[PDB]
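Visitor: Dropping the structure in here first, questions after.
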Amino acid sequence: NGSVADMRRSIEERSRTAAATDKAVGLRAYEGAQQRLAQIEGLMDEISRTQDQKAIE
Amino acid sequence: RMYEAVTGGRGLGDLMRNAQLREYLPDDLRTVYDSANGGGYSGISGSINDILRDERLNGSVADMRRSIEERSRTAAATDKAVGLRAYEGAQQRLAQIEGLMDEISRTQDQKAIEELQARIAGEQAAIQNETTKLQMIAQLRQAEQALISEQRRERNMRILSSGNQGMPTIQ
Amino acid sequence: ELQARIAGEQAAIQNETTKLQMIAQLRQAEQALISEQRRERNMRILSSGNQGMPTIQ
Amino acid sequence: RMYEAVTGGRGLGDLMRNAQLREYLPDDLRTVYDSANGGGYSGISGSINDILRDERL
């Protein structure tokens, strides 16, 4: 809606924002993945100390 | 004693559960593309503003051209190199899995095989994490190509802008 | 033991999934490199630094 | 004997854990595309320079 110039500005803004949003989502997700790795390593550290059968199950 | 060893609660679970790792992905996808202006997603919001600031070209148009060509070539090479090194890591991962199955044959007691099962489960979790990381790398690759295209179009708009006022002078 | 064997088998299929992702990324990179080579050839033909032209004789 | 067979720690876990396979993927993705010049990701940086050298016609 609106004048064709407003349409142009809206479309260019959408394009730039879409590219930037893609990049930012990827970056933050990768940080989360690296923290997720740390958590898995911690769970394997817990495995070394398990004593009873109920604990390991 | 053995009944106590089998029954009861041991507290595992509620173990490393407060780490809110769901906050590193968007809560809802309706507003994921409205995050830059505010609202939507705030972890990306700041990042988006920084990225958009850094993607604006400066200097002469020739410098813009050289920067864009360098970005394109470097992006292709980076994609290839990341793929190659990741594949080497995947082969080493296969060797590790085979080793864990070698350990499966020598297991003797029940506790030993249960620990080995949980170790293999953790190994699967690690491979899951690598799968997620590869997905994230692919998304970043796509975003980088889009950004290079945006820079190209910014340069094109700057050359052909109707706000330009200059022309050659007859002297 | 059979459960742990099947778990290892799942880990192997996970590894193949990661390998396929890596192959797809490499495919994309190869296509990008071919495009880059095409554009290098195009730039070399149309370069403004060229100084030659046919001679009248 | 059977109680000893069920309970205790067996050392599995801390088994093949020093293999740093996370080093074959980028640590952070902000600097993944600055790796060629130096910094970013050192492991791909040697590979990127070789690839860019080999892709010149």
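Each chain in the structure tokens gets a letter, A, B and so on, in the order shown; residues start at 1 in every chain, and ligands are counted from 1 in the order they appear.
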Extract, using only C-alpha atoms, all DNA, RNA and protein residues at most 9 Å from residue 34 of chain D, discarding same-chain residues fewer than 5 positions from it, and format them as a PDB file with N, CA, C and O atoms, in the first residue's frame.
Guide:
ATOM      1  N   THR B  74      36.455 -15.338  -1.138  1.00  0.00           N
ATOM      2  CA  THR B  74      36.750 -15.860   0.186  1.00  0.00           C
ATOM      3  C   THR B  74      35.597 -16.689   0.718  1.00  0.00           C
ATOM      4  O   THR B  74      35.815 -17.685   1.409  1.00  0.00           O
TER       5      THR B  74
ATOM      6  N   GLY D  39      43.641 -15.270  11.877  1.00  0.00           N
ATOM      7  CA  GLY D  39      42.629 -15.295  12.908  1.00  0.00           C
ATOM      8  C   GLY D  39      41.410 -16.050  12.424  1.00  0.00           C
ATOM      9  O   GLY D  39      41.454 -16.813  11.456  1.00  0.00           O
ATOM     10  N   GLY D  40      40.295 -15.827  13.105  1.00  0.00           N
ATOM     11  CA  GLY D  40      39.097 -16.570  12.781  1.00  0.00           C
ATOM     12  C   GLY D  40      39.269 -18.043  13.076  1.00  0.00           C
ATOM     13  O   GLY D  40      39.308 -18.458  14.236  1.00  0.00           O
ATOM     14  N   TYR D  41      39.384 -18.846  12.013  1.00  0.00           N
ATOM     15  CA  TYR D  41      39.571 -20.312  12.171  1.00  0.00           C
ATOM     16  C   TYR D  41      40.905 -20.698  11.524  1.00  0.00           C
ATOM     17  O   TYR D  41      40.979 -20.721  10.282  1.00  0.00           O
ATOM     18  N   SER D  45      42.144 -21.811   7.657  1.00  0.00           N
ATOM     19  CA  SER D  45      42.895 -20.673   7.062  1.00  0.00           C
ATOM     20  C   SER D  45      43.992 -21.181   6.119  1.00  0.00           C
ATOM     21  O   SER D  45      44.136 -20.600   5.027  1.00  0.00           O
TER      22      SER D  45
END
Visitor: Select all residues from chain B having any atom no more than 10 Å from an atom of chain D (counting only C-alpha atoms, ignoring ligands), output as a CSV table (one decimal) with N, CA, C and O atoms, in the first residue's frame.
Guide:
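iface_22.csv, freshly written:
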chain,number,residue,atom,x,y,z
B,1,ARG,N,20.8,-54.6,51.3
B,1,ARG,CA,21.8,-53.7,50.7
B,1,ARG,C,21.5,-53.7,49.2
B,1,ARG,O,21.5,-52.5,48.6
B,2,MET,N,21.4,-54.8,48.6
B,2,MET,CA,21.2,-54.9,47.1
B,2,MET,C,19.9,-54.3,46.7
B,2,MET,O,19.8,-53.6,45.7
B,3,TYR,N,18.8,-54.5,47.5
B,3,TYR,CA,17.5,-53.9,47.2
B,3,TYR,C,17.6,-52.3,47.3
B,3,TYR,O,17.1,-51.6,46.5
B,5,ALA,N,20.3,-50.7,46.7
B,5,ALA,CA,21.1,-50.3,45.5
B,5,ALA,C,20.2,-50.3,44.2
B,5,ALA,O,20.6,-49.6,43.3
B,6,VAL,N,19.2,-51.1,44.2
B,6,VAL,CA,18.3,-51.1,43.0
B,6,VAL,C,17.2,-50.1,43.0
B,6,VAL,O,16.9,-49.5,42.0
B,71,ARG,N,35.2,-10.7,-1.0
B,71,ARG,CA,34.2,-11.4,-0.2
B,71,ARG,C,33.7,-12.6,-0.9
B,71,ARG,O,33.5,-13.7,-0.3
B,73,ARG,N,35.0,-14.5,-3.4
B,73,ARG,CA,36.0,-15.5,-3.5
B,73,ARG,C,36.3,-16.2,-2.2
B,73,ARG,O,36.4,-17.4,-2.1
B,74,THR,N,36.5,-15.3,-1.1
B,74,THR,CA,36.8,-15.9,0.2
B,74,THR,C,35.6,-16.7,0.7
B,74,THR,O,35.8,-17.7,1.4
B,75,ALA,N,34.4,-16.3,0.4
B,75,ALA,CA,33.2,-17.1,0.9
B,75,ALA,C,33.2,-18.5,0.2
B,75,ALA,O,33.0,-19.5,0.9
B,76,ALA,N,33.4,-18.5,-1.1
B,76,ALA,CA,33.5,-19.8,-1.7
B,76,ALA,C,34.6,-20.7,-1.1
B,76,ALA,O,34.3,-21.9,-0.8
B,77,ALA,N,35.8,-20.1,-1.0
B,77,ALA,CA,36.9,-20.9,-0.4
B,77,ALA,C,36.6,-21.3,1.0
B,77,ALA,O,37.0,-22.5,1.4
B,78,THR,N,36.0,-20.5,1.8
B,78,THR,CA,35.7,-20.8,3.2
B,78,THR,C,34.7,-21.9,3.3
B,78,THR,O,34.9,-22.9,4.1
B,79,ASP,N,33.7,-21.9,2.5
B,79,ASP,CA,32.7,-23.0,2.4
B,79,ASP,C,33.4,-24.3,2.1
B,79,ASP,O,33.3,-25.3,2.9
B,80,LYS,N,34.3,-24.3,1.1
B,80,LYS,CA,35.0,-25.6,0.8
B,80,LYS,C,35.9,-26.1,1.9
B,80,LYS,O,35.8,-27.2,2.3
B,81,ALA,N,36.6,-25.2,2.5
B,81,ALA,CA,37.6,-25.6,3.5
B,81,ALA,C,36.9,-26.1,4.8
B,81,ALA,O,37.3,-27.1,5.4
B,82,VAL,N,35.8,-25.4,5.2
B,82,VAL,CA,35.0,-25.9,6.3
B,82,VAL,C,34.5,-27.3,6.0
B,82,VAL,O,34.5,-28.2,6.9
B,83,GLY,N,33.9,-27.5,4.8
B,83,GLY,CA,33.4,-28.9,4.5
B,83,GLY,C,34.5,-29.9,4.6
B,83,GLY,O,34.3,-31.0,5.2
B,84,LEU,N,35.7,-29.6,4.0
B,84,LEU,CA,36.8,-30.6,4.0
B,84,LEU,C,37.2,-31.0,5.5
B,84,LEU,O,37.3,-32.2,5.8
B,85,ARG,N,37.5,-30.0,6.3
B,85,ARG,CA,37.9,-30.2,7.6
B,85,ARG,C,36.8,-31.0,8.4
B,85,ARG,O,37.1,-31.9,9.2
B,86,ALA,N,35.6,-30.6,8.2
B,86,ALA,CA,34.5,-31.3,8.9
B,86,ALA,C,34.4,-32.7,8.5
B,86,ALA,O,34.1,-33.6,9.4
B,87,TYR,N,34.7,-33.0,7.2
B,87,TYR,CA,34.7,-34.4,6.8
B,87,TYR,C,35.8,-35.2,7.5
B,87,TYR,O,35.6,-36.4,7.8
B,88,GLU,N,37.0,-34.6,7.6
B,88,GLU,CA,38.0,-35.3,8.3
B,88,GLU,C,37.6,-35.6,9.7
B,88,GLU,O,37.8,-36.7,10.2
B,89,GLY,N,37.0,-34.7,10.4
B,89,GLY,CA,36.5,-34.9,11.7
B,89,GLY,C,35.4,-36.0,11.8
B,89,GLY,O,35.4,-36.8,12.7
B,90,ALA,N,34.6,-36.1,10.8
B,90,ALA,CA,33.6,-37.1,10.7
B,90,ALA,C,34.2,-38.5,10.6
B,90,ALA,O,33.7,-39.5,11.2
B,92,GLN,N,37.2,-39.4,11.7
B,92,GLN,CA,37.7,-39.7,13.0
B,92,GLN,C,36.6,-40.1,14.0
B,92,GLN,O,36.8,-41.0,14.9
B,93,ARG,N,35.4,-39.5,13.8
B,93,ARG,CA,34.3,-39.8,14.7
B,93,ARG,C,33.9,-41.3,14.4
B,93,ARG,O,33.6,-42.0,15.4
B,96,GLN,N,36.2,-43.5,16.2
B,96,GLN,CA,35.8,-43.5,17.7
B,96,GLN,C,34.6,-44.5,18.0
B,96,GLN,O,34.6,-45.2,18.9
B,97,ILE,N,33.6,-44.4,17.1
B,97,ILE,CA,32.4,-45.2,17.3
B,97,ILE,C,32.8,-46.7,17.2
B,97,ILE,O,32.4,-47.6,18.0
B,99,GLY,N,35.7,-48.0,17.9
B,99,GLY,CA,36.4,-48.3,19.1
B,99,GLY,C,35.4,-48.6,20.3
B,99,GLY,O,35.6,-49.5,21.0
B,100,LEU,N,34.4,-47.8,20.4
B,100,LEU,CA,33.4,-48.0,21.5
B,100,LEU,C,32.7,-49.4,21.3
B,100,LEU,O,32.5,-50.1,22.2
B,103,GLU,N,35.0,-52.0,22.6
B,103,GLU,CA,34.9,-52.1,24.0
B,103,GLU,C,33.6,-52.9,24.4
B,103,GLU,O,33.6,-53.6,25.5
B,107,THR,N,33.0,-56.3,27.6
B,107,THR,CA,32.2,-56.0,28.9
B,107,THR,C,31.9,-57.3,29.7
B,107,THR,O,31.6,-58.3,29.0
B,108,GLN,N,32.0,-57.2,31.0
B,108,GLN,CA,31.8,-58.4,31.8
B,108,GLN,C,30.6,-58.3,32.8
B,108,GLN,O,29.7,-59.1,32.7
B,109,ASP,N,30.6,-57.3,33.7
B,109,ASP,CA,29.6,-57.1,34.6
B,109,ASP,C,28.4,-56.4,34.0
B,109,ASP,O,28.5,-55.9,32.9
B,110,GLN,N,27.3,-56.2,34.8
B,110,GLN,CA,26.2,-55.5,34.3
B,110,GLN,C,26.5,-54.0,34.4
B,110,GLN,O,26.1,-53.2,33.5
B,111,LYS,N,27.1,-53.5,35.5
B,111,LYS,CA,27.4,-52.1,35.6
B,111,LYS,C,28.3,-51.6,34.5
B,111,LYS,O,28.1,-50.5,34.0
B,112,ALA,N,29.3,-52.5,34.1
B,112,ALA,CA,30.1,-52.1,33.0
B,112,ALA,C,29.4,-51.8,31.7
B,112,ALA,O,29.6,-50.8,31.0
B,113,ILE,N,28.5,-52.7,31.3
B,113,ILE,CA,27.7,-52.6,30.1
B,113,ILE,C,26.7,-51.4,30.2
B,113,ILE,O,26.5,-50.7,29.2
B,114,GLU,N,26.2,-51.2,31.4
B,114,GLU,CA,25.3,-50.0,31.5
B,114,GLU,C,26.1,-48.7,31.3
B,114,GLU,O,25.6,-47.8,30.7
B,115,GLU,N,27.3,-48.6,31.9
B,115,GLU,CA,28.1,-47.4,31.7
B,115,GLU,C,28.5,-47.3,30.2
B,115,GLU,O,28.5,-46.2,29.7
B,116,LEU,N,28.7,-48.4,29.6
B,116,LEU,CA,29.1,-48.3,28.1
B,116,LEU,C,27.9,-47.8,27.3
B,116,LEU,O,28.0,-47.1,26.4
B,117,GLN,N,26.7,-48.3,27.7
B,117,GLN,CA,25.5,-47.8,27.0
B,117,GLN,C,25.3,-46.3,27.2
B,117,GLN,O,25.0,-45.6,26.2
B,118,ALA,N,25.5,-45.8,28.4
B,118,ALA,CA,25.4,-44.4,28.6
B,118,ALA,C,26.5,-43.6,27.9
B,118,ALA,O,26.2,-42.5,27.4
B,119,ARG,N,27.7,-44.2,27.8
B,119,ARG,CA,28.7,-43.5,27.0
B,119,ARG,C,28.4,-43.4,25.6
B,119,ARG,O,28.6,-42.4,24.9
B,120,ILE,N,27.8,-44.5,25.0
B,120,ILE,CA,27.5,-44.5,23.6
B,120,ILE,C,26.3,-43.5,23.4
B,120,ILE,O,26.2,-42.8,22.3
B,122,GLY,N,25.9,-40.7,25.1
B,122,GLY,CA,26.5,-39.4,25.0
B,122,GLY,C,27.2,-39.2,23.7
B,122,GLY,O,27.2,-38.1,23.2
B,123,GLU,N,27.8,-40.2,23.1
B,123,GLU,CA,28.4,-40.1,21.8
B,123,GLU,C,27.4,-39.7,20.7
B,123,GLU,O,27.7,-38.9,19.9
B,126,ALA,N,26.7,-36.2,21.0
B,126,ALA,CA,27.7,-35.3,20.4
B,126,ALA,C,27.5,-35.3,18.9
B,126,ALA,O,27.7,-34.2,18.3
B,129,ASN,N,24.8,-32.9,18.1
B,129,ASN,CA,25.3,-31.5,18.2
B,129,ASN,C,26.0,-31.1,17.0
B,129,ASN,O,25.9,-30.0,16.5
B,130,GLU,N,26.8,-32.0,16.4
B,130,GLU,CA,27.5,-31.7,15.2
B,130,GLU,C,26.5,-31.5,14.0
B,130,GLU,O,26.7,-30.7,13.2
B,133,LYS,N,25.2,-28.1,14.4
B,133,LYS,CA,26.2,-27.1,14.0
B,133,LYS,C,26.3,-27.0,12.5
B,133,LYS,O,26.5,-25.9,12.0
B,134,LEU,N,26.2,-28.1,11.8
B,134,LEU,CA,26.3,-28.1,10.3
B,134,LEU,C,25.1,-27.4,9.7
B,134,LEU,O,25.2,-26.6,8.8
B,136,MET,N,23.5,-25.0,11.2
B,136,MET,CA,23.8,-23.6,11.5
B,136,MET,C,24.8,-23.0,10.5
B,136,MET,O,24.6,-21.8,10.0
B,137,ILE,N,25.8,-23.8,10.1
B,137,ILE,CA,26.8,-23.3,9.2
B,137,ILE,C,26.2,-23.1,7.8
B,137,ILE,O,26.5,-22.1,7.2
B,140,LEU,N,24.3,-19.9,7.8
B,140,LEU,CA,25.2,-18.8,7.8
B,140,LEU,C,25.8,-18.6,6.4
B,140,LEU,O,26.0,-17.5,5.9
B,141,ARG,N,26.0,-19.7,5.7
B,141,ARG,CA,26.5,-19.6,4.3
B,141,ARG,C,25.5,-18.9,3.4
B,141,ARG,O,25.8,-18.0,2.6
B,144,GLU,N,25.4,-15.2,4.2
B,144,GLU,CA,26.6,-14.5,3.7
B,144,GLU,C,26.4,-14.2,2.2
B,144,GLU,O,26.8,-13.2,1.7
Visitor: Pull the helix (DSSP H, G or I) assignments for segment 10-55 of chain D out of DSSP run on the backbone, and list those residues as an mmCIF file with C-alpha atoms, in the first residue's frame.
Guide:
data_model
loop_
_atom_site.group_PDB
_atom_site.id
_atom_site.type_symbol
_atom_site.label_atom_id
_atom_site.label_comp_id
_atom_site.auth_asym_id
_atom_site.auth_seq_id
_atom_site.Cartn_x
_atom_site.Cartn_y
_atom_site.Cartn_z
ATOM 1 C CA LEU D 21 36.778 -33.725 17.661
ATOM 2 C CA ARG D 22 35.172 -30.334 18.285
ATOM 3 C CA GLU D 23 38.299 -28.771 16.759
ATOM 4 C CA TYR D 24 37.177 -29.862 13.285
ATOM 5 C CA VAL D 32 34.553 -17.794 10.157
ATOM 6 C CA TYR D 33 34.691 -15.588 7.061
ATOM 7 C CA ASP D 34 37.724 -13.627 8.278
ATOM 8 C CA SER D 42 43.282 -21.297 11.812
ATOM 9 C CA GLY D 43 42.630 -24.873 10.586
ATOM 10 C CA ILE D 44 40.606 -23.744 7.518
ATOM 11 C CA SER D 45 42.895 -20.673 7.062
ATOM 12 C CA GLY D 46 45.735 -22.811 5.613
ATOM 13 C CA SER D 47 43.162 -24.593 3.431
ATOM 14 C CA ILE D 48 41.503 -21.383 2.191
ATOM 15 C CA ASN D 49 44.795 -19.941 1.042
ATOM 16 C CA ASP D 50 45.609 -23.155 -0.822
ATOM 17 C CA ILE D 51 42.163 -23.268 -2.453
ATOM 18 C CA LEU D 52 42.259 -19.628 -3.543
ATOM 19 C CA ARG D 53 45.710 -20.216 -5.007
ATOM 20 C CA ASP D 54 44.476 -23.248 -6.934
#
